[PDB]
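As given, the protein sequences belong to chains A and B, one line each in that order. In short: position in the first sequence from 1, add 475, done, that's my numbering. In short: position in the second sequence from 1, add 25, done, that's my numbering. A virtual CB, placed ideally from N, CA and C, is assigned to each residue, including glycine. First comes the structure, then the notes that go with it.
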Amino acid sequence: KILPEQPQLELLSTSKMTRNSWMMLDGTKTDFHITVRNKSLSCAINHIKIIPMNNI
Amino acid sequence: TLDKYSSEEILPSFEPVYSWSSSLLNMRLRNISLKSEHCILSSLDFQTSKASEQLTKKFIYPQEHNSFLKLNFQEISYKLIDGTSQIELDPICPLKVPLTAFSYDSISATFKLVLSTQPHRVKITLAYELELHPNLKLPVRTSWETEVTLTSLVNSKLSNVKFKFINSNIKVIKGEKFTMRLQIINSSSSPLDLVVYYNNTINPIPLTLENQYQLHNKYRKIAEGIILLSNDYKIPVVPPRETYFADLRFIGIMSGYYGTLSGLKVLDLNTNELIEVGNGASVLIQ
């Protein structure tokens with residue numbers, strides 16, 4: 476079976492991070508930016524879904 | 026077949042049926058990496074070669090004392106290719122694509138693309154034409170493919186800890202106290218008691234007089250330029266597989282550019298390490 480061409484994401488870097496590590500003061504709320512690119516050259520995506528799921 | 030062929034041949038007469046016995050736009054890529062912003066800068070540069078120089082006074086305008094070409098470009102295309110796919114890539118600053126060019130000219134287009142072990146494949150296309158005589162033009166579509174081929178994060182020797190300033194580049198007016206958040210990553214085996222301190226003492230010099238005084242001026246500016254308002258700080262604990270922020274506070278007194286500031290060095294009180302953690306700072310005080 477043969478499927479069409481698919482894209483890929485690369486995870487360039489997060490703004491205020493060092494290899495995905497951070498400290499939180501247990502009550503303060505922060506934010507930062509996640510940067511990705513579709514490295515494929517032929518066709519683009521049309522559906523993104525983000526579902527965070529922590530250790531707990 | 027043989028039967029179908031020999032069954033309609035013409036037998037010889039008078040015999041039994043059967044018997045038993047017996048190039049003027051030389052171009053180059055000099056791409057270069059930039060680990061600071063995590064990109065690679067590919068810059069093509071094409072110029073009129075010496076072939077055009079020697080061809081000017083042969084057929085183009087032999088009788089004129091000094092002639093020149095009229096190379097007009099209609100397309101300078103830089104394309105990223107992988108297999109059958111291809112996509113155009115735009116330059117950093119604008120490039121007027123209907124550009125003219127004469128003899129002894131050189132043009133560069135700089136292209137920024139993102140950077141391990143996956144070399145890129147690029148194509149350059151130059152569609153142009155030399156205008157000889159008022160309205161006679163000869164088109165050219167030369168093109169060729171090739172491959173894009175060719176500090177702030179400070180690590181600790183004889184250990185696995187890691188150091189990084191959250192804002193390694195800061196600018197502020199002289200005399201105003203500023204703050205730097207030094208992140209520590211520890212994952213080796215156990216916690217530490219590393220202590221950070223800035224020494225405002227002129228390092229003794231070891232060279233001609235010019236180099237000697239240059240070195241002394243550098244060391245003096247390092248010593249008595251910046252002061253750390255939390256000297257001999259005790260970073261409390263850095264438990265294993267965890268991170269911590271050392272909130273350092275400074276204030277500048279001598280205007281200058283303290284790129285990769287020395288003096289700020291952190292001492293580990295487990296093996297007497299003297300790692301130069303301060304190399305990941307680019308303070309600029311006016």
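At what residues does the alpha helix (DSSP H) containing residue i begin and finish?
i, result
"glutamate 78(B)", "75-80"
"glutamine 239(B)", "234-248"
"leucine 27(B)", "27-31"
Just to check my reading of the structure: residue i and residue j have Cβ atoms closer than 8 Å, yes? What is that Cβ distance to the nearest angstrom?
i, j, result
"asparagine 56(B)", "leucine 66(B)", "7 Å"
"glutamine 237(B)", "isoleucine 227(B)", "Contact doesn't hold; Cβ gap of about 13 Å is too wide."
"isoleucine 260(B)", "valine 197(B)", "Not a contact, Cβ separation roughly 24 Å."
"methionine 492(A)", "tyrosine 269(B)", "Incorrect: roughly 15 Å between the Cβ atoms, too far for contact."
"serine 181(B)", "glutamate 298(B)", "7 Å"
"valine 308(B)", "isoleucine 251(B)", "7 Å"
"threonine 171(B)", "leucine 54(B)", "6 Å"
"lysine 199(B)", "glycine 277(B)", "5 Å"
"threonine 81(B)", "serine 131(B)", "17 Å between Cβ atoms; not a contact."
"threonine 135(B)", "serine 68(B)", "4 Å"
"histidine 63(B)", "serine 488(A)", "7 Å"
"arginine 512(A)", "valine 147(B)", "With 8 Å as the limit, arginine 512(A) and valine 147(B) do not qualify as a contact, their Cβ atoms being about 17 Å apart."
With burial defined as no fewer than 16 other Cβ atoms inside 10 Å of the residue's Cβ, what is the status of residue i: buried or exposed?
i, result
"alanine 271(B)", "buried"
"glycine 303(B)", "buried"
"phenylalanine 507(A)", "exposed"
"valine 291(B)", "buried"
"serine 58(B)", "exposed"
"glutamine 239(B)", "exposed"
"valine 122(B)", "exposed"
"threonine 510(A)", "exposed"
"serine 77(B)", "buried"
"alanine 306(B)", "buried"
"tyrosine 223(B)", "buried"
"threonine 73(B)", "buried"
"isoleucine 531(A)", "exposed"
"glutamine 311(B)", "exposed"
"residue 20(B)", "The structure shown does not extend to residue 20(B), since chain B is modelled only from 26 to 311, so the question has no answer here."
"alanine 126(B)", "buried"
"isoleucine 149(B)", "buried"
"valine 42(B)", "exposed"
"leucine 254(B)", "exposed"
"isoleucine 210(B)", "buried"
"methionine 205(B)", "buried"
Between residue i and the ligand ADP, is the CB less than 7 Å from at least one heavy atom?
i, result
"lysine 182(B)", "As for the ligand ADP, it is missing from this structure, which has no ligand bound."
For the beta strand (DSSP E) holding residue i, just list the boundary residues, first then last.
i, result
"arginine 494(A)", "Here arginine 494(A) belongs to no beta strand (DSSP E), and DSSP marks it neither H nor E."
"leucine 289(B)", "289-293"
"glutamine 208(B)", "202-211"
"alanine 134(B)", "131-138"
"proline 216(B)", "Segment: none, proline 216(B) is in no beta strand (DSSP E) and carries neither H nor E."
"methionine 52(B)", "52-54"
Worksheet item: Taking one C-beta from the stretch 207-223 of chain B and one from the stretch 261-275 of chain B each time, how about it: are there three or more such pairs within less than 8 Å?
Response: yes
Practice prompt. Identify each residue in the stretch 486-504 of chain A for which the Cβ-Cβ distance to at least one residue of chain B is less than 8 Å, and report them in chain order.
Written response: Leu487, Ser488, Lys491, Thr493, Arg494, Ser496, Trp497 and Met498
Worksheet item: Three or more beta-carbon pairs under 8 Å between the stretch 277-293 of chain B and the stretch 152-165 of chain B, yes or no?
Response: no
Fill in: Contact list for the stretch 265-278 of chain B against chain A, Cβ threshold 9 Å
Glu267, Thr268, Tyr269 and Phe270
Worksheet item: Which residues, in order along the stretch 139-155 of chain B, keep a beta-carbon less than 8 Å from a beta-carbon of chain A?
Response: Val139
Discussion item. Counting only Cβ-Cβ distances shorter than 9 Å, please list the residues of the stretch 509-520 of chain A near chain B, keeping chain order.
Written reply: Taking 9 Å as the Cβ-Cβ cut-off against chain B, the residues of the stretch 509-520 of chain A that qualify are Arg512, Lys514, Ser515, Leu516, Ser517 and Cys518.
Discussion item. Between the stretch 96-103 of chain B and the stretch 113-122 of chain B, can you find at least three pairs of beta-carbon atoms closer than 8 Å?
Written reply: Taking 8 Å as the limit for Cβ pairs, the verdict is that the stretch 96-103 of chain B does touch the stretch 113-122 of chain B.
Discussion item. Output needed in chain order: residues of the stretch 105-119 of chain B with a Cβ under 9 Å from some Cβ in chain A.
Written reply: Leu105, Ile106, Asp107, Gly108, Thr109, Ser110, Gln111 and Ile112
Fill in: Interface residues of the stretch 176-194 of chain B facing chain A [CB-CB below 8 Å]
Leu178, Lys187, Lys189 and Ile191
Worksheet entry | Residues in the stretch 197-216 of chain B having any Cβ partner in chain A nearer than 8 Å | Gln208 and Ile210
Worksheet item: the stretch 48-81 of chain B: which residues have C-beta closer than 8 Å to a C-beta of chain A, in chain order?
Response: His63
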